[PDB]
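Novice: show me the folded form of this:
(3 chains, ligands or ions: 3)
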Amino acid sequence: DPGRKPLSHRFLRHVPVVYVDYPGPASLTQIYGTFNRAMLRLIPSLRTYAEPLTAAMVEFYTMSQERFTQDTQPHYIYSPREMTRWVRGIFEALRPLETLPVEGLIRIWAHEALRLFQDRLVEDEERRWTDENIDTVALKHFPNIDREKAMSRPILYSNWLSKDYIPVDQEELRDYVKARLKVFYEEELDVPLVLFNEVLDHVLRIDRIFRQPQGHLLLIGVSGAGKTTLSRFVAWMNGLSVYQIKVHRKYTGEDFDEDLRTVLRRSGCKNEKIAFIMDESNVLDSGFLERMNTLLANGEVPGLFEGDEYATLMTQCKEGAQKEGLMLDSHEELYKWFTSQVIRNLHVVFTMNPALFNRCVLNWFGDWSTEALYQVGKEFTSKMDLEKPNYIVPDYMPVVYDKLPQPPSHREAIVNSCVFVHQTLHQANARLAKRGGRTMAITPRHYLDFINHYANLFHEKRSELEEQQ
Amino acid sequence: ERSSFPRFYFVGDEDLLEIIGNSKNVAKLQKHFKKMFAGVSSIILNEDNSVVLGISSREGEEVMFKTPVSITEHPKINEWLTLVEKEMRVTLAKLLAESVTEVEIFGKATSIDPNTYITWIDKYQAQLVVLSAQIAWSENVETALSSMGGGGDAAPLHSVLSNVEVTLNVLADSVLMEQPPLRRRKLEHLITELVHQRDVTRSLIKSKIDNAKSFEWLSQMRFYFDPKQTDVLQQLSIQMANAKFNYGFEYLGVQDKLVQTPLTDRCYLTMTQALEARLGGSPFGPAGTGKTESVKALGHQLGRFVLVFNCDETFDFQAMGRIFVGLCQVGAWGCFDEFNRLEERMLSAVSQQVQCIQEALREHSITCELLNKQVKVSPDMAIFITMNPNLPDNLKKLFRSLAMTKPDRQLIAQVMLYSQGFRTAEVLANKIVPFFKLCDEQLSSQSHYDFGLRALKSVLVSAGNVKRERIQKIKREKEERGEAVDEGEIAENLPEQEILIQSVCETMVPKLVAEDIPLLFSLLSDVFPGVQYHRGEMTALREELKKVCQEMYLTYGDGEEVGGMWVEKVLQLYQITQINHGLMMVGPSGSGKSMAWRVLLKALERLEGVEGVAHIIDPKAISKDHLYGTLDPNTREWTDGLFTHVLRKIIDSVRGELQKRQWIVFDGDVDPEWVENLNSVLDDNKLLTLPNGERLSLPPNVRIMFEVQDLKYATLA
Amino acid sequence: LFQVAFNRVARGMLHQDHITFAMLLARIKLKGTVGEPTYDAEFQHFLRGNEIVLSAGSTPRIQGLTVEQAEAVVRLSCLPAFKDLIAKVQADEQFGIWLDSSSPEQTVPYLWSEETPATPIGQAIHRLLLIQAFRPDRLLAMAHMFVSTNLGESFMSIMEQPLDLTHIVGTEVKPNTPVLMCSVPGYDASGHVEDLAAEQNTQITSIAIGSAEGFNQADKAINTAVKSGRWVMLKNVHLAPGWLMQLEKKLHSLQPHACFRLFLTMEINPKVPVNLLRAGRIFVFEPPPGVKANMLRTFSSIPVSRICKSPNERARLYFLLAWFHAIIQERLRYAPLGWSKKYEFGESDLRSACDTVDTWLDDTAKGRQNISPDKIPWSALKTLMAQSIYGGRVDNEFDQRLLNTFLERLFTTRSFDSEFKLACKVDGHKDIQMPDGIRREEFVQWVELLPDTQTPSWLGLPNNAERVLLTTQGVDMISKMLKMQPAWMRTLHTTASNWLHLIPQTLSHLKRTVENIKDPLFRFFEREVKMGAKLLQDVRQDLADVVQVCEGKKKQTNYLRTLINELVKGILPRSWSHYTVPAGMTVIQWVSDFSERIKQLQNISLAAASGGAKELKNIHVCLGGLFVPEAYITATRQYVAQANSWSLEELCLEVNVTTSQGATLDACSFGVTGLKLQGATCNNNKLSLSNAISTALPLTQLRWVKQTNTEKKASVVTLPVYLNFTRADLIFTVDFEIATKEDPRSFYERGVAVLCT
Ligand SMILES: Nc1ncnc2c1ncn2[C@@H]1O[C@H](COP(=O)(O)OP(=O)(O)OP(=O)(O)O)[C@@H](O)[C@H]1O
Ligand SMILES: Nc1ncnc2c1ncn2[C@@H]1O[C@H](COP(=O)(O)OP(=O)(O)O)[C@@H](O)[C@H]1O
Ligand SMILES: Nc1ncnc2c1ncn2[C@@H]1O[C@H](COP(=O)(O)OP(=O)(O)O)[C@@H](O)[C@H]1O
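Specialist: Residues are numbered from 1 along each chain as shown, chains lettered A, B, ... in the order given. Ligands and ions are numbered 1, 2, ... in the order given. Dropping the coordinates below:
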């Protein structure tokens, strides 16, 4: 593994080394059967289903491990830590609630399976295979269930609407998120957000990670896809203070460390939760990568605070402890309290395009899918009158949008044409890459620019011509 | 202050401030005298420390001043330093005149009394005895040529050759018997010098040269001494071909001299013409062929002092610039080491600097701008730059070239072997040199292997010492059984192929891997046929080893038996401890090292009766500053490091540990960061230097011992 | 367009590349016109003939045709237009006379068979193919003639004329553009522009680039000249590439005066920034390749006052020095034969030699009007120019021997006789004569009246040296034009498949035995077998990785990325090259060579398995086939020393060149094949000078005999043995007895050597 230097043969000569591997499937079966029985002790009516739940969880974990090997992608590692996180999630869901039928339990179980074993996937057929396996295993182990209710496709869990973490309809969730966006536009920065189902799922994922302590998530996906904008959205909606490091060519290691000290003292002394958004553009050196590795592993980096900075940090820690209600004199206890405060209050989120993997959460934002692109097309080409009564439905439709109405209206057809033009840009860039010529990554920022240019041209030329008319 | 007495332009500016602070302390200036001179290590002073009586070298050989300089009369540091230099030059010149008188009395004689020759040799320093020999030989050959100039005249050149031959026989007799090591080095320098003189005289007699202006005599270096000259500096004039130079009259201490190879005299001629044409030389060629060493030897023969700027990562710029301007002020020579290893911008910077200085030199054929200072280039200034294939473009038109592609190894191995009193030196050299050519190729390559020319020279030295020990042992035996003792009689009946084989075994067989040993035996069979060497077991030590192995639960065996190879390795360890004060037991982890040296220490203590005390120190665990000692930024106080602490403890001899045997086992990895300061101990100097200025001598019982697992980062130095 | 394009491009190229560029423009204009066909087959074969692999049975060994001539003949015959070439060659009788003709490209016979008459350009390209196949030494001239056919005879008629730099500075160059004069080492172009500034009555500032103050003066002069319109000139600006980039940036955003001109006198080194080369008009100056022109240059360089001093014999000494310097410098151009590597025998050597002669003759003749020829310190000059000057750069022993031969032949009291021969049999029986004059004017006149028909015999090489040089230049033409002209993935798959097919599959190791470990020949051969096995497995696995990547089943790793890129560009992979190899050998010939080496090693492994060391002794290895051949010679030395219980140092090597069939396998004798002699013929172990470029030695026998300690006969000569034609590595030295009436000094001068391959 990287950063791991094999030790001197002289040292190996002394110390015997024993290999501690991933537990076997039966070992996992027992290990988490005990946890599942303890968890389902919360609801006695569901205690007889604990063992088959463990069997299904183990079977799905083994399928995912045997199918999604690390060779395909560096982050395709599934450890028993993921299974523990699974059980912890099911427990956090089941705790505030008092009763559930089997169907609600299996909905929670499938939701956690989606959030752990499917959110990290890059390619779409991988996600389809994951969904198929989840449904199949839920059928095999849990036959006497109504499959429509238990695993209804819009598996969206949220607590913004109800008091608890019960499933939320995508349409009602869309209405609520629209209202919260209206507040966001009114108070913070104003750019248009169109709420395709992908944004709903991704905002739910970002919020779920934010709400938990020591929340660190890996926002990997093509630039312009809304990762940092959705991150700021969830940060404001959840009260968290968004922070990105202003990075330029002058920005050396020392300025990075000063910003690190600022955010660390804010999230460990003032008890101010801070969402630290970081980008590959902000990482000018692998030193930044190793410092963040240490911060994510231990919850604090000893290399930040020394000397005068150490003394000021301990003064701030003493003041904060006096305000909170904890009386600690020595520097070590205050350091431990401040480390706990940071690990409970700071949430870092990393935006991209085996330790951090399996110690964080990687969500594959990817690029806007056909549905998303088509909703983009409508929403921003809503103002202009792209409505022609003379339009004749062609016998054959390229049908780039799958869910296009069977009669396409004029606006629907032209927005389909825009989605097609983006798809063909992707195909042309892919062909240029295959031929080996230099290519350039086509982003949804290009799509937004294209729509804006369309609106400007249509408005100007239609205006002049109609002025002549 | 800097301009006056420019000799401390060499030492650092912080060290210059240190010297200014210690101006009222002559005992703290010894490091600076080490730095700025060639072989000078300390100035001899009286108990008052108010007048400098003389100077010494690293080897302990000391020069007494004809007129000592009273520091009280000249309180200024620069004034009395300049007086010290002037008086050292004058004293060296006067001692040279005396020694040349003594040898020319010794010369032109049918026979030489060994007692008088040894007395004269001990009277003067090694450099002065070699130089007086050269002056006398040159004057004799010049006089013989002047007599021959009648045209077809009979030759007193035969007489001069006979004189050199009989003196050479005297030296070959004297080196054989036990002598003090300093006089041994003097004898070795004299014998190699006289071998060169004999060979050039043979060339002259073969070519039937008749005229003192004939170019065949003009090519060979001629030394002219002019005692009538009022200025002592100019009294000696060294001249080769067209070029002529004055003698630098700077102390060399004792230096390793060269065999004066045909390649070496070719280089001497080319460089001497180059400086005559007022431009430096660039003797390129593969590393290890004596380029840097040949330049050093040429500067030494002129009496000028050479600065070897090693060009590696350790190379600096500001320090190089200041020592460079100092080179220009004083007139000493400077020989860059491998230049192509420099950084490109580094290379361009130093190239522009040396180009400016060289343009100043050709102008003098006068000041040049160095660090915004106009510097009067001394005409004696010279710059050499060895390369390993080229010269920067700004320097191609300023510097000559020469290909030192291959020094004659046979001549070197013959001259040095003859310098050790070996008979049949030519046969042994013509055997050993092809053998070392075989070793560098046929043997499996390893990082620690070194079959370079220096390794050959070391093997020859070891063989000479082995022969001396054997003749001493035979003399003791003959004294016990009988009384008929005659050194020549023992030497005549003393095999020398066996001596060379034993030496090569004792120095190279330990370095061999488990597979190369049969290959070395086959090579010895090929080059030295029929002659084999069987190491005499140390039966008392073998019994002590068996008893110690029994006491430590270790296994013991003899040869083929289980543990035999480990036992042999222990014995080789003992031999290297006997013949070396520095050791390295290289081997993969858990091979034999700790147990081998522990068992040998205990067996030695139980045999010889000398207590064994070991200070196992791991070098990497402790920081380098903490290993040797820390420097106080304010008071310079010496918090002696762990190794410095144990060495000082042993030196102070509080509990009689000098009588005890001390092994400082440096268990751990070895890198060229800490060992750079310890390299000053593993040489023949056997002394430790510290950044305060205090120097500690290694007691003979202390055996520096490196227990390492591998040498991927061990410098070949 | 075509004419001005050539006359503006070739003015900034090496003289050898003029014909390259002209032929490229010829191809362009051939494609531009419609009447002539495509000629894709003809040009493709003309560029890729040497890539077609042949067989021993493929060569009919036609009478009057050499082996390589036969290969070229059959390779051209593969083309349909040249299918009947062999029949006409064997039928024709006039062919033999045209084959060795002085200029055969002028009267190229009609051999290619066609149904319809061809256009003149078509006949020209057919004759180009014929010349390349038959007399490639003339390929430069035939390409000149083809370009004359296509773009007109007087297309090049400008480059021979002196560069009219007045018309080029007055117009056609912008004042913003810098004038670049990139001259090869040993030349300065500053003179031409000084004469220009004089003849245009233009005040020019001449600043050198040596240090920071030079930078300041250059910048101040540029700032004054940009507004005042005067001309500025900088010397040797290649010394400061970074400051030169800064100057590029300064001039780019700078409007100049109309009369302003910036001249940068430069050296041709890769250290010059690409940006200035793109942003300025370049001019290449090369010294004229002539002994006579070299002597004129030397005499013009040396001031007249210095050469005419008190000893009247000084002029003859200076003339002899100039002749020797010219001989050495123009021997440089024939690098494989005239030397073994390109030394820098520049003007510095000549200036130092002049100073040496001056000071020594001042010594000997202490202000005497005349000094006797015997009093001339000939030994002093010979020794200095043999060791200090012209010898310092000389690293090889044999180059030093050659320099000594030249110095002893020229520098002697015998030179001052009216019958002195500065050269012998330059053509036929004629030979040059030393001028009888005693003054500089007489020698300058004599060299000016030189025949101007210099051959290689003028400077001591065999007259075939010029033919070899022209063949090398033609091969350089082919390579450069080939360089001047996804699918590459498929073609890489095809070629990797071909190489995997041709390279042998696997090589067996040798079985270690104690008796076999004792033997030195077995040790050397097992080391060679191990090295060959490791490299063969490496290359086979690399090719397997390559082909699997070609089918897409594997992805291009970084190491595989570099390997694939290097295969694409034809550069030899570093990980593949572990043994010493000719510098310019491309990957395909490397693969052929490696295939041959592994075949030989397989043969020796089979021989060792069949028997042992006793059979391993009688294997006729070829020194080229072995990765380290000097290891083989040392192994033979050790084997004979072990067999006869002698010392190694007391052994010497004797050479008995005999036929492979008529060979005796003495216990001291080892068979070595493939040795070739450069510039001589050996008959019954007797050397004889000849004009044949290379004589194949059928089987060399290496015999080790004890040192006889007898002085070598004056008729024996020491011949260096090099592994390759570049002669950068020395394997060992043999001693051959030259036949009667032969001069060993001539053998040294003609660069006779043995080549392993
Ligand atoms: N003669 C012997 N007989 C039996 N066992 C031995 C003998 N010599 C050494 N050993 C054992 O072999 C091992 C070598 O121990 P030791 O500490 O000396 O190794 P080492 O070569 O110095 O290792 P390292 O390079 O790691 O420091 C130990 O287990 C020791 O007991
Ligand atoms: N659902 C969405 N609807 C409309 N615009 C969006 C949406 N998601 C992202 N964007 C647009 O993307 C732009 C910037 O995306 P950003 O968050 O910077 O991408 P990333 O975080 O991947 O770098 C914003 O201007 C925003 O308008
Ligand atoms: N003329 C000589 N006489 C004796 N020994 C020599 C001579 N030249 C070189 N050597 C030996 O060869 C080694 C070459 O050392 P070095 O000066 O570093 O060579 P280089 O200058 O090629 O790097 C020296 O250690 C020395 O022992």
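Novice: where along chain A do the strands fall?
Specialist: Listed in chain order, the strands of chain A (DSSP state E) span A:216-220, A:241-244, A:274-279, A:346-352, A:361-364.
Novice: residues in contact with the longest one: which ones?
Specialist: Under the criterion CB atoms under 8 Å, 6 or more residues apart in numbering or on different chains, residues A:206, A:209-210, A:214-221, A:227-228, A:231, A:240, A:263-264, A:267-268, A:273-280, A:292, A:295-296, A:356, A:360 lie in contact with strand A:346-352. All C-beta spots, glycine's among them, are computed from the backbone N, C-alpha and C.
Novice: spell out which parts of chain B neighbour ligand 3.
Specialist: Within chain B, the positions adjacent to ligand 3 are B:258-259, B:261, B:264, B:287-294, B:386, B:407, B:412, B:453-454, B:457 by CB under 6 Å from any ligand atom.
Novice: one more time with 8 Å
Specialist: With the criterion set to CB under 8 Å from any ligand atom, chain B comes near ligand 3 through B:256-261, B:263-264, B:283, B:285-297, B:337-338, B:386, B:404, B:407, B:412, B:415-416, B:452-454, B:456-458.
Novice: filter those down to the buried ones.
Specialist: The neighbour count (16 or more other CB atoms under 10 Å in any protein chain shown) marks B:257-261, B:263-264, B:283, B:285, B:288-297, B:337-338, B:386, B:404, B:407, B:412, B:415-416, B:453, B:456 as buried among the residues of chain B next to ligand 3.
Novice: longest single helix anywhere in chain C?
Specialist: When chain C is scanned for its longest helix (criterion: DSSP state H), the result is helix C:520-550.
Novice: elements contacting whatever helix or strand comes next after that helix?
Specialist: Per DSSP states H and E, the first helix or strand lying C-terminal to helix C:520-550 is helix C:558-569. Where contact means 3 or more CB pairs under 8 Å, 6 or more residues apart in numbering or on different chains; DSSP states H and E, helix C:558-569 is packed against helix C:487-502, helix C:520-550.
Novice: ok and the residue in the stretch 251-400 of chain B nearest ligand 3?
Specialist: When distances are taken as CB to the nearest ligand atom, the stretch 251-400 of chain B approaches ligand 3 most closely through residue B:290, which lies 2.4 Å from it.
Novice: hang on, isn't that residue packed against residue B:404?
Specialist: Yes - contact status for residue B:290 versus residue B:404: in contact at 6.5 Å, counting by CB atoms under 8 Å.
Novice: now for these two: what residues contact both?
Specialist: By CB under 8 Å, 6+ apart, residue B:290 and residue B:404 have these common neighbours: residue B:263.
Novice: now the helices for the stretch 601-750 of chain C?
Specialist: With DSSP state H, counting those that start in this stretch, the ranges of helices along the stretch 601-750 of chain C come out as C:613-616, C:629-644, C:744-749.
Novice: give the buried residues for the first one.
Specialist: Of the residues in helix C:613-616, C:613, C:616 count as buried by neighbour count, 16+ other CB under 10 Å.
Novice: how about residue C:542: what's its closest non-neighbour residue?
Specialist: By the measure of CB to CB, 6 or more residues apart in numbering or on different chains, the closest residue to residue C:542 outside its immediate chain neighbours is residue C:563, 6.3 Å from it.
Novice: ditto for residue C:626
Specialist: Closest residue to residue C:626 apart from its sequence neighbours, by CB to CB, 6+ apart: residue C:632 at 5.2 Å.
Novice: correct me if wrong: that neighbour contacts residue C:619.
Specialist: No - between residue C:632 and residue C:619 there is no contact, the gap being 10.2 Å when judged by CB under 8 Å.
Novice: look up how far ligand 3 lies from the residue of chain C found nearest chain A.
Specialist: In chain C, no residue comes nearer to chain A than residue C:486, which is 5.4 Å away by CB to the nearest CB. Applying CB to the nearest ligand atom, to the nearest Å, the value for residue C:486 to ligand 3 is 51 Å.
Novice: near chain C, anything from stretch B:232-240?
Specialist: No - Stretch B:232-240 lies out of reach of chain C by CB under 8 Å from any CB of the partner chain, never closer than 11.3 Å.
Novice: quick one: distance of that stretch to the chain centre.
Specialist: Mean-position distance between stretch B:232-240 and its chain equals 25 Å (CA atoms, centre = their mean, to the nearest Å).
Novice: mind checking which of the residues of chain B next to ligand 3 land in helices?
Specialist: With helices defined by DSSP H, the entries of those inside them are B:263-264, B:291-297, B:412, B:415-416, B:453-454, B:456-458.
Novice: out of these, who's near chain A?
Specialist: Okay, of those, nothing touches chain A (CB under 8 Å from any CB).
Novice: flag every residue of the stretch 151-300 of chain B that's near chain C.
Specialist: On the criterion CB under 8 Å from any CB, chain C has as its neighbours in the stretch 151-300 of chain B the residues B:215-216, B:218-219, B:241-242, B:266, B:269-270, B:273-274, B:277, B:285.
Novice: now do chain A
Specialist: Near chain C, when you scan chain A using CB under 8 Å from any CB, you find A:435-436.
Novice: around ligand 1, pick out the residues from chain A.
Specialist: Among all residues of chain A, those adjacent to ligand 1 (criterion: CB under 8 Å from any ligand atom) are A:9-10, A:13.
Novice: repeat that with 5 Å
Specialist: Taking CB under 5 Å from any ligand atom as the test, the list of chain A residues beside ligand 1 reads residue A:10.
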